[PDB]
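Source file: upload22.tsv. Holds: TSV, C-alpha atoms.
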```
chain	number	residue	atom	x	y	z
D	46	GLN	CA	127.06	-4.34	19.87
D	47	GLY	CA	126.08	-1.32	22.03
D	48	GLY	CA	127.22	1.92	20.29
D	49	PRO	CA	128.86	5.15	21.51
D	50	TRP	CA	126.28	7.42	23.13
D	51	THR	CA	125.52	10.99	22.02
D	52	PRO	CA	122.17	11.92	23.64
D	53	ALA	CA	120.00	14.17	21.47
D	54	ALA	CA	119.60	17.83	22.73
D	55	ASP	CA	117.00	20.61	22.31
D	56	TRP	CA	117.12	24.25	23.34
D	57	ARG	CA	113.69	25.65	24.18
D	58	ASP	CA	112.97	29.34	24.51
D	59	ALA	CA	110.96	29.65	27.71
D	60	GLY	CA	110.77	33.48	27.76
D	61	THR	CA	112.58	34.43	30.96
D	62	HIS	CA	114.43	31.11	30.89
D	63	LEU	CA	116.43	28.98	28.46
D	64	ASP	CA	115.76	25.20	28.69
D	65	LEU	CA	118.04	22.39	27.61
D	66	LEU	CA	116.23	19.09	27.11
D	67	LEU	CA	118.50	16.06	26.82
D	68	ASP	CA	117.23	12.55	25.95
D	69	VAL	CA	118.92	10.32	28.54
D	70	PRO	CA	116.77	7.14	28.95
D	71	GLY	CA	118.13	4.45	31.33
D	72	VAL	CA	120.91	6.72	32.73
D	73	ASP	CA	122.46	5.96	36.11
D	74	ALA	CA	121.21	9.19	37.73
D	75	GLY	CA	124.22	9.24	40.14
D	76	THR	CA	126.69	9.67	37.22
D	77	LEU	CA	125.10	12.82	35.71
D	78	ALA	CA	127.28	15.92	35.98
D	79	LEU	CA	126.56	19.45	34.71
D	80	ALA	CA	129.08	22.33	34.52
D	81	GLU	CA	128.80	25.77	32.97
D	82	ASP	CA	132.03	27.45	31.86
D	83	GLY	CA	130.89	30.86	30.59
D	84	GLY	CA	129.06	30.23	27.27
D	85	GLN	CA	129.18	26.42	27.23
D	86	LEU	CA	127.25	23.82	29.12
D	87	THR	CA	129.03	20.51	29.65
D	88	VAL	CA	126.88	17.47	30.33
D	89	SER	CA	128.24	14.03	31.17
D	90	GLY	CA	126.86	10.74	32.49
D	91	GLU	CA	126.60	7.02	31.88
D	92	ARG	CA	124.28	4.10	31.27
D	93	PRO	CA	125.19	0.39	31.65
D	94	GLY	CA	125.55	-1.85	28.61
D	95	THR	CA	122.75	-4.37	28.19
D	96	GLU	CA	123.82	-7.95	28.95
D	97	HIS	CA	123.44	-10.95	26.56
D	98	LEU	CA	122.48	-8.94	23.47
D	99	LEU	CA	120.93	-10.74	20.49
D	100	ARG	CA	120.39	-7.57	18.44
D	101	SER	CA	121.54	-4.06	19.34
D	102	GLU	CA	120.56	-0.56	18.11
D	103	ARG	CA	120.72	1.25	21.47
D	104	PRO	CA	123.80	3.25	22.61
D	105	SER	CA	125.64	2.34	25.87
D	106	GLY	CA	128.31	3.61	28.23
D	107	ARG	CA	129.55	7.12	29.04
D	108	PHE	CA	128.46	10.23	27.17
D	109	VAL	CA	129.99	13.70	27.07
D	110	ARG	CA	128.44	16.79	25.41
D	111	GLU	CA	129.81	20.33	25.16
D	112	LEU	CA	126.86	22.58	24.22
D	113	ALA	CA	126.98	26.33	23.51
D	114	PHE	CA	124.17	28.51	24.90
D	115	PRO	CA	122.02	29.81	21.97
D	116	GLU	CA	121.34	32.85	24.17
D	117	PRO	CA	123.48	34.43	26.94
D	118	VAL	CA	122.38	33.34	30.46
D	119	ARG	CA	122.92	34.69	33.97
D	120	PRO	CA	125.91	33.00	35.67
D	121	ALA	CA	125.17	30.18	38.18
D	122	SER	CA	121.45	30.08	37.47
D	123	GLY	CA	121.28	26.51	36.15
D	124	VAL	CA	118.81	24.03	37.71
D	125	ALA	CA	118.54	20.44	36.42
D	126	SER	CA	115.70	17.94	36.71
D	127	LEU	CA	115.25	14.35	35.39
D	128	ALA	CA	111.93	12.63	34.62
D	129	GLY	CA	110.88	9.97	32.12
D	130	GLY	CA	114.35	9.60	30.58
D	131	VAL	CA	114.55	13.35	29.87
D	132	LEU	CA	116.95	15.78	31.53
D	133	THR	CA	115.57	19.35	31.71
D	134	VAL	CA	118.14	21.98	32.58
D	135	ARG	CA	116.77	25.49	33.08
D	136	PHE	CA	118.80	28.73	32.94
D	137	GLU	CA	117.62	32.31	33.34
D	138	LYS	CA	118.36	34.55	30.36
D	139	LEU	CA	120.39	37.74	30.58
D	140	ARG	CA	117.84	39.44	28.29
D	141	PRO	CA	114.47	37.81	29.17
D	142	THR	CA	111.74	37.88	26.52
D	143	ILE	CA	107.99	37.60	27.13
D	144	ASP	CA	105.52	35.85	24.81
D	145	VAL	CA	102.79	38.23	23.60
D	146	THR	CA	99.56	36.17	23.65
D	147	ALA	CA	96.76	36.96	21.17
F	46	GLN	CA	112.82	21.24	13.66
F	47	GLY	CA	111.77	18.08	15.58
F	48	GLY	CA	112.55	14.97	13.46
F	49	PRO	CA	110.66	11.73	12.72
F	50	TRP	CA	111.00	9.30	15.63
F	51	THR	CA	112.44	5.78	15.37
F	52	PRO	CA	113.21	4.68	18.97
F	53	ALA	CA	116.31	2.49	19.26
F	54	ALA	CA	115.64	-1.25	20.15
F	55	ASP	CA	117.63	-4.06	21.81
F	56	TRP	CA	116.83	-7.74	22.15
F	57	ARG	CA	118.29	-9.28	25.31
F	58	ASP	CA	118.56	-13.00	25.88
F	59	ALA	CA	117.23	-13.53	29.40
F	60	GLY	CA	117.41	-17.36	29.39
F	61	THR	CA	113.80	-18.43	29.83
F	62	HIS	CA	112.64	-15.07	28.49
F	63	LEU	CA	113.31	-12.75	25.55
F	64	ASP	CA	113.44	-9.01	26.42
F	65	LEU	CA	112.83	-6.09	24.10
F	66	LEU	CA	114.24	-2.82	25.41
F	67	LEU	CA	113.02	0.29	23.59
F	68	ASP	CA	114.39	3.80	24.26
F	69	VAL	CA	111.24	5.94	24.60
F	70	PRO	CA	112.14	9.03	26.72
F	71	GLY	CA	109.35	11.62	27.22
F	72	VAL	CA	106.61	9.36	25.74
F	73	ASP	CA	102.97	9.98	26.60
F	74	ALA	CA	102.53	6.63	28.40
F	75	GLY	CA	98.79	6.54	27.46
F	76	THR	CA	99.62	6.33	23.70
F	77	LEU	CA	101.86	3.22	23.89
F	78	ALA	CA	100.41	0.17	22.16
F	79	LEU	CA	101.95	-3.30	21.78
F	80	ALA	CA	100.65	-6.10	19.51
F	81	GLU	CA	102.14	-9.47	18.61
F	82	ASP	CA	101.11	-11.00	15.29
F	83	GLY	CA	102.89	-14.37	15.25
F	84	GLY	CA	106.62	-13.62	14.72
F	85	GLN	CA	106.48	-9.80	14.80
F	86	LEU	CA	106.09	-7.35	17.62
F	87	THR	CA	104.50	-4.04	16.71
F	88	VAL	CA	105.18	-1.09	18.98
F	89	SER	CA	103.60	2.34	18.59
F	90	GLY	CA	103.30	5.51	20.66
F	91	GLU	CA	103.85	9.25	20.69
F	92	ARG	CA	105.66	12.14	22.32
F	93	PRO	CA	104.71	15.84	22.02
F	94	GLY	CA	106.85	18.25	20.01
F	95	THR	CA	108.82	20.72	22.11
F	96	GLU	CA	107.47	24.28	21.92
F	97	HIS	CA	109.52	27.38	20.93
F	98	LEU	CA	112.61	25.52	19.72
F	99	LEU	CA	115.88	27.43	19.24
F	100	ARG	CA	117.91	24.36	18.26
F	101	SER	CA	116.59	20.84	17.71
F	102	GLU	CA	118.26	17.38	17.56
F	103	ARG	CA	115.54	15.41	19.37
F	104	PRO	CA	112.81	13.43	17.51
F	105	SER	CA	109.08	14.22	18.06
F	106	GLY	CA	105.62	12.89	17.30
F	107	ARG	CA	104.32	9.38	16.63
F	108	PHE	CA	106.55	6.35	16.19
F	109	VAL	CA	105.79	2.93	14.73
F	110	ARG	CA	108.13	-0.11	14.80
F	111	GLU	CA	107.58	-3.60	13.37
F	112	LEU	CA	110.18	-5.87	15.03
F	113	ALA	CA	110.77	-9.58	14.31
F	114	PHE	CA	111.43	-11.89	17.26
F	115	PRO	CA	115.09	-13.10	17.13
F	116	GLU	CA	113.84	-16.27	18.85
F	117	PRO	CA	110.37	-17.93	18.74
F	118	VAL	CA	108.23	-17.06	21.80
F	119	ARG	CA	105.14	-18.57	23.42
F	120	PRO	CA	101.93	-16.90	22.17
F	121	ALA	CA	100.31	-14.24	24.41
F	122	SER	CA	103.14	-14.20	26.95
F	123	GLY	CA	104.19	-10.57	26.47
F	124	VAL	CA	104.39	-8.24	29.51
F	125	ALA	CA	105.48	-4.59	29.14
F	126	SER	CA	106.91	-2.19	31.70
F	127	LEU	CA	108.13	1.46	31.45
F	128	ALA	CA	110.72	3.12	33.71
F	129	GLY	CA	113.27	5.88	33.17
F	130	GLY	CA	112.38	6.43	29.50
F	131	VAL	CA	112.92	2.72	28.71
F	132	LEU	CA	110.21	0.27	27.68
F	133	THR	CA	110.99	-3.34	28.71
F	134	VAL	CA	108.81	-5.94	27.04
F	135	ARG	CA	109.33	-9.51	28.26
F	136	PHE	CA	108.30	-12.68	26.39
F	137	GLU	CA	108.79	-16.30	27.37
F	138	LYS	CA	110.77	-18.37	24.87
F	139	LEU	CA	109.45	-21.51	23.22
F	140	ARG	CA	112.86	-23.15	23.77
F	141	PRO	CA	114.16	-21.66	27.06
F	142	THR	CA	117.92	-21.66	27.62
F	143	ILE	CA	119.71	-21.51	30.99
F	144	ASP	CA	123.01	-19.71	31.64
F	145	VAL	CA	125.68	-22.09	32.96
F	146	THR	CA	127.55	-20.12	35.66
F	147	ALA	CA	131.24	-20.86	36.34
```

Before we go any further, please render this structure as structure tokens.
Amino acid sequence: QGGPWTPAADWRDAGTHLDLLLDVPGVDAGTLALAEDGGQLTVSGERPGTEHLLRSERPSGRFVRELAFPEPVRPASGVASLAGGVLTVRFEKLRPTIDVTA
Amino acid sequence: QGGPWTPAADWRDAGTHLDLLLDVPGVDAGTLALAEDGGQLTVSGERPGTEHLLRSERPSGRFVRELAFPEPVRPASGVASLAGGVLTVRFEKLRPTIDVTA
């Protein structure tokens, strides 16, 4: 009751930037850590287990993800933001692209 | 890219009340609907698909869950609240219990 947590991750191409979106609902914000070691982003954090469970589908406890950049990014450019249970981490690309609108 | 969404659900025994916790990060709050038809709670809502995806693990779009109460509840007592990507729906039990602290 209360399973191991692997929060689901997206990489979005935002032209000049590369976005990582990570589904982290109910996280203790103060436990979130983000580290970039060359071509990998490491994300860790925690959410408390729910007390007095009658039925459980939801994951609990600490999570750790090691996620490779789909595209090379500039070093030390990462900026992270959390809203509505979603962590958005934005990095600037080494080779920015620009959407051609039609 | 962007899978069908089934948000994970817990039932917590809160003594006098029965709590449903539903992991809904990134939901459009204005699309959430909650209906109780006797011994079933129906929850529906939506979140937008992420644009320009390079890699995708995260679910998108509309979700619908039909969830049976683990314990009988008083009719029309449901109250729903959303914070940090988590929907907490609270119902008062027909037969309240009380935790005996030691």

At a cut-off of 12 Å, list the chain D residues touching chain F, using only C-alpha atoms, as an mmCIF file with C-alpha atoms, in the frame of the given file.
```
data_model
loop_
_atom_site.group_PDB
_atom_site.id
_atom_site.type_symbol
_atom_site.label_atom_id
_atom_site.label_comp_id
_atom_site.auth_asym_id
_atom_site.auth_seq_id
_atom_site.Cartn_x
_atom_site.Cartn_y
_atom_site.Cartn_z
ATOM 1 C CA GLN D 46 127.060 -4.340 19.870
ATOM 2 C CA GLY D 47 126.080 -1.320 22.030
ATOM 3 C CA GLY D 48 127.220 1.920 20.290
ATOM 4 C CA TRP D 50 126.280 7.420 23.130
ATOM 5 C CA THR D 51 125.520 10.990 22.020
ATOM 6 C CA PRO D 52 122.170 11.920 23.640
ATOM 7 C CA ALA D 53 120.000 14.170 21.470
ATOM 8 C CA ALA D 54 119.600 17.830 22.730
ATOM 9 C CA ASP D 55 117.000 20.610 22.310
ATOM 10 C CA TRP D 56 117.120 24.250 23.340
ATOM 11 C CA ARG D 57 113.690 25.650 24.180
ATOM 12 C CA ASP D 58 112.970 29.340 24.510
ATOM 13 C CA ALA D 59 110.960 29.650 27.710
ATOM 14 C CA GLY D 60 110.770 33.480 27.760
ATOM 15 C CA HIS D 62 114.430 31.110 30.890
ATOM 16 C CA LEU D 63 116.430 28.980 28.460
ATOM 17 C CA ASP D 64 115.760 25.200 28.690
ATOM 18 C CA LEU D 65 118.040 22.390 27.610
ATOM 19 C CA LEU D 66 116.230 19.090 27.110
ATOM 20 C CA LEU D 67 118.500 16.060 26.820
ATOM 21 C CA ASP D 68 117.230 12.550 25.950
ATOM 22 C CA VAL D 69 118.920 10.320 28.540
ATOM 23 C CA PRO D 70 116.770 7.140 28.950
ATOM 24 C CA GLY D 71 118.130 4.450 31.330
ATOM 25 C CA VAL D 72 120.910 6.720 32.730
ATOM 26 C CA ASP D 73 122.460 5.960 36.110
ATOM 27 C CA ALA D 74 121.210 9.190 37.730
ATOM 28 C CA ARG D 92 124.280 4.100 31.270
ATOM 29 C CA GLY D 94 125.550 -1.850 28.610
ATOM 30 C CA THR D 95 122.750 -4.370 28.190
ATOM 31 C CA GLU D 96 123.820 -7.950 28.950
ATOM 32 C CA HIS D 97 123.440 -10.950 26.560
ATOM 33 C CA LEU D 98 122.480 -8.940 23.470
ATOM 34 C CA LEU D 99 120.930 -10.740 20.490
ATOM 35 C CA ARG D 100 120.390 -7.570 18.440
ATOM 36 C CA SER D 101 121.540 -4.060 19.340
ATOM 37 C CA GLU D 102 120.560 -0.560 18.110
ATOM 38 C CA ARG D 103 120.720 1.250 21.470
ATOM 39 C CA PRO D 104 123.800 3.250 22.610
ATOM 40 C CA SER D 105 125.640 2.340 25.870
ATOM 41 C CA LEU D 112 126.860 22.580 24.220
ATOM 42 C CA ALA D 113 126.980 26.330 23.510
ATOM 43 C CA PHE D 114 124.170 28.510 24.900
ATOM 44 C CA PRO D 115 122.020 29.810 21.970
ATOM 45 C CA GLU D 116 121.340 32.850 24.170
ATOM 46 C CA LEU D 127 115.250 14.350 35.390
ATOM 47 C CA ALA D 128 111.930 12.630 34.620
ATOM 48 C CA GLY D 129 110.880 9.970 32.120
ATOM 49 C CA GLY D 130 114.350 9.600 30.580
ATOM 50 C CA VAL D 131 114.550 13.350 29.870
ATOM 51 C CA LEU D 132 116.950 15.780 31.530
ATOM 52 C CA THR D 133 115.570 19.350 31.710
ATOM 53 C CA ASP D 144 105.520 35.850 24.810
#
```

Over all C-alpha pairs taken in sequence order, what does chain F look like after a least-squares fit onto chain D? Please give it as a PDB file with C-alpha atoms, keeping the file's coordinate frame.
```pdb
ATOM      1  CA  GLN F  46     127.056  -4.343  19.867  1.00  0.00           C
ATOM      2  CA  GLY F  47     126.085  -1.317  22.029  1.00  0.00           C
ATOM      3  CA  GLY F  48     127.215   1.919  20.290  1.00  0.00           C
ATOM      4  CA  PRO F  49     128.865   5.143  21.515  1.00  0.00           C
ATOM      5  CA  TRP F  50     126.283   7.425  23.133  1.00  0.00           C
ATOM      6  CA  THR F  51     125.524  10.990  22.017  1.00  0.00           C
ATOM      7  CA  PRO F  52     122.168  11.918  23.641  1.00  0.00           C
ATOM      8  CA  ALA F  53     120.000  14.170  21.469  1.00  0.00           C
ATOM      9  CA  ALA F  54     119.601  17.839  22.737  1.00  0.00           C
ATOM     10  CA  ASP F  55     117.002  20.609  22.308  1.00  0.00           C
ATOM     11  CA  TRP F  56     117.121  24.243  23.343  1.00  0.00           C
ATOM     12  CA  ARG F  57     113.684  25.652  24.175  1.00  0.00           C
ATOM     13  CA  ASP F  58     112.970  29.343  24.501  1.00  0.00           C
ATOM     14  CA  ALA F  59     110.966  29.652  27.715  1.00  0.00           C
ATOM     15  CA  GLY F  60     110.765  33.480  27.768  1.00  0.00           C
ATOM     16  CA  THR F  61     112.578  34.431  30.959  1.00  0.00           C
ATOM     17  CA  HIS F  62     114.434  31.118  30.893  1.00  0.00           C
ATOM     18  CA  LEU F  63     116.424  28.974  28.460  1.00  0.00           C
ATOM     19  CA  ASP F  64     115.751  25.198  28.686  1.00  0.00           C
ATOM     20  CA  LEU F  65     118.041  22.389  27.614  1.00  0.00           C
ATOM     21  CA  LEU F  66     116.230  19.093  27.113  1.00  0.00           C
ATOM     22  CA  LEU F  67     118.498  16.052  26.818  1.00  0.00           C
ATOM     23  CA  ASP F  68     117.226  12.549  25.950  1.00  0.00           C
ATOM     24  CA  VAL F  69     118.923  10.312  28.546  1.00  0.00           C
ATOM     25  CA  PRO F  70     116.773   7.139  28.950  1.00  0.00           C
ATOM     26  CA  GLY F  71     118.136   4.455  31.333  1.00  0.00           C
ATOM     27  CA  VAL F  72     120.915   6.718  32.734  1.00  0.00           C
ATOM     28  CA  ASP F  73     122.456   5.959  36.114  1.00  0.00           C
ATOM     29  CA  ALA F  74     121.205   9.196  37.729  1.00  0.00           C
ATOM     30  CA  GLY F  75     124.219   9.238  40.136  1.00  0.00           C
ATOM     31  CA  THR F  76     126.697   9.668  37.213  1.00  0.00           C
ATOM     32  CA  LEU F  77     125.106  12.821  35.712  1.00  0.00           C
ATOM     33  CA  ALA F  78     127.281  15.919  35.978  1.00  0.00           C
ATOM     34  CA  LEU F  79     126.558  19.443  34.708  1.00  0.00           C
ATOM     35  CA  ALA F  80     129.077  22.324  34.515  1.00  0.00           C
ATOM     36  CA  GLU F  81     128.800  25.774  32.964  1.00  0.00           C
ATOM     37  CA  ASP F  82     132.023  27.450  31.855  1.00  0.00           C
ATOM     38  CA  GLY F  83     130.887  30.863  30.594  1.00  0.00           C
ATOM     39  CA  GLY F  84     129.064  30.239  27.270  1.00  0.00           C
ATOM     40  CA  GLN F  85     129.186  26.418  27.228  1.00  0.00           C
ATOM     41  CA  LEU F  86     127.246  23.813  29.115  1.00  0.00           C
ATOM     42  CA  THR F  87     129.020  20.515  29.654  1.00  0.00           C
ATOM     43  CA  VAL F  88     126.881  17.469  30.331  1.00  0.00           C
ATOM     44  CA  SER F  89     128.239  14.024  31.170  1.00  0.00           C
ATOM     45  CA  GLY F  90     126.859  10.742  32.494  1.00  0.00           C
ATOM     46  CA  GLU F  91     126.599   7.022  31.878  1.00  0.00           C
ATOM     47  CA  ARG F  92     124.281   4.098  31.274  1.00  0.00           C
ATOM     48  CA  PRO F  93     125.192   0.395  31.652  1.00  0.00           C
ATOM     49  CA  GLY F  94     125.554  -1.849  28.609  1.00  0.00           C
ATOM     50  CA  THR F  95     122.755  -4.374  28.184  1.00  0.00           C
ATOM     51  CA  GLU F  96     123.818  -7.953  28.954  1.00  0.00           C
ATOM     52  CA  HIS F  97     123.442 -10.942  26.563  1.00  0.00           C
ATOM     53  CA  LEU F  98     122.480  -8.941  23.474  1.00  0.00           C
ATOM     54  CA  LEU F  99     120.928 -10.737  20.485  1.00  0.00           C
ATOM     55  CA  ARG F 100     120.395  -7.568  18.441  1.00  0.00           C
ATOM     56  CA  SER F 101     121.540  -4.059  19.342  1.00  0.00           C
ATOM     57  CA  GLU F 102     120.556  -0.554  18.107  1.00  0.00           C
ATOM     58  CA  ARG F 103     120.717   1.246  21.467  1.00  0.00           C
ATOM     59  CA  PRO F 104     123.799   3.250  22.615  1.00  0.00           C
ATOM     60  CA  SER F 105     125.645   2.335  25.870  1.00  0.00           C
ATOM     61  CA  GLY F 106     128.314   3.613  28.229  1.00  0.00           C
ATOM     62  CA  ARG F 107     129.543   7.118  29.042  1.00  0.00           C
ATOM     63  CA  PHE F 108     128.461  10.224  27.163  1.00  0.00           C
ATOM     64  CA  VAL F 109     129.992  13.695  27.064  1.00  0.00           C
ATOM     65  CA  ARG F 110     128.438  16.787  25.407  1.00  0.00           C
ATOM     66  CA  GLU F 111     129.816  20.332  25.163  1.00  0.00           C
ATOM     67  CA  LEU F 112     126.861  22.579  24.221  1.00  0.00           C
ATOM     68  CA  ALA F 113     126.978  26.336  23.512  1.00  0.00           C
ATOM     69  CA  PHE F 114     124.174  28.503  24.894  1.00  0.00           C
ATOM     70  CA  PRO F 115     122.025  29.813  21.971  1.00  0.00           C
ATOM     71  CA  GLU F 116     121.334  32.855  24.171  1.00  0.00           C
ATOM     72  CA  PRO F 117     123.483  34.427  26.949  1.00  0.00           C
ATOM     73  CA  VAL F 118     122.373  33.342  30.455  1.00  0.00           C
ATOM     74  CA  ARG F 119     122.921  34.683  33.969  1.00  0.00           C
ATOM     75  CA  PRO F 120     125.905  32.998  35.676  1.00  0.00           C
ATOM     76  CA  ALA F 121     125.177  30.183  38.178  1.00  0.00           C
ATOM     77  CA  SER F 122     121.443  30.083  37.464  1.00  0.00           C
ATOM     78  CA  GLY F 123     121.282  26.512  36.148  1.00  0.00           C
ATOM     79  CA  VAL F 124     118.807  24.031  37.705  1.00  0.00           C
ATOM     80  CA  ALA F 125     118.535  20.435  36.423  1.00  0.00           C
ATOM     81  CA  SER F 126     115.696  17.941  36.709  1.00  0.00           C
ATOM     82  CA  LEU F 127     115.250  14.343  35.396  1.00  0.00           C
ATOM     83  CA  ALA F 128     111.926  12.634  34.618  1.00  0.00           C
ATOM     84  CA  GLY F 129     110.880   9.974  32.120  1.00  0.00           C
ATOM     85  CA  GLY F 130     114.351   9.595  30.578  1.00  0.00           C
ATOM     86  CA  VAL F 131     114.554  13.354  29.867  1.00  0.00           C
ATOM     87  CA  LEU F 132     116.952  15.783  31.526  1.00  0.00           C
ATOM     88  CA  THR F 133     115.566  19.353  31.719  1.00  0.00           C
ATOM     89  CA  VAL F 134     118.148  21.980  32.578  1.00  0.00           C
ATOM     90  CA  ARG F 135     116.770  25.493  33.091  1.00  0.00           C
ATOM     91  CA  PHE F 136     118.798  28.729  32.945  1.00  0.00           C
ATOM     92  CA  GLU F 137     117.627  32.304  33.339  1.00  0.00           C
ATOM     93  CA  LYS F 138     118.358  34.554  30.363  1.00  0.00           C
ATOM     94  CA  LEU F 139     120.388  37.741  30.579  1.00  0.00           C
ATOM     95  CA  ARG F 140     117.840  39.438  28.289  1.00  0.00           C
ATOM     96  CA  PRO F 141     114.476  37.811  29.167  1.00  0.00           C
ATOM     97  CA  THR F 142     111.750  37.879  26.519  1.00  0.00           C
ATOM     98  CA  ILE F 143     107.990  37.599  27.127  1.00  0.00           C
ATOM     99  CA  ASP F 144     105.519  35.854  24.803  1.00  0.00           C
ATOM    100  CA  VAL F 145     102.788  38.229  23.606  1.00  0.00           C
ATOM    101  CA  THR F 146      99.560  36.169  23.650  1.00  0.00           C
ATOM    102  CA  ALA F 147      96.762  36.968  21.168  1.00  0.00           C
TER     103      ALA F 147
END
```

Which residue of D:76, D:61, D:126, D:146 approaches residue 106 of chain D most closely, using only C-alpha atoms: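 The answer is D:76, which sits nearest to residue 106 of chain D.
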
To one decimal place, how far is atom CA of residue 141 of chain F from atom CA of residue 111 of chain F in Å? 23.6 Å

Could you check which of F:122, F:93, F:108, F:87 is closest to residue 49 of chain F, using only C-alpha atoms?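 Result for the nearest residue to residue 49 of chain F: F:108.
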
Nearest residue to residue 110 of chain D from the set D:123, D:75, D:90, D:83 (distances using only C-alpha atoms):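 Smallest separation from residue 110 of chain D among the options: D:90.
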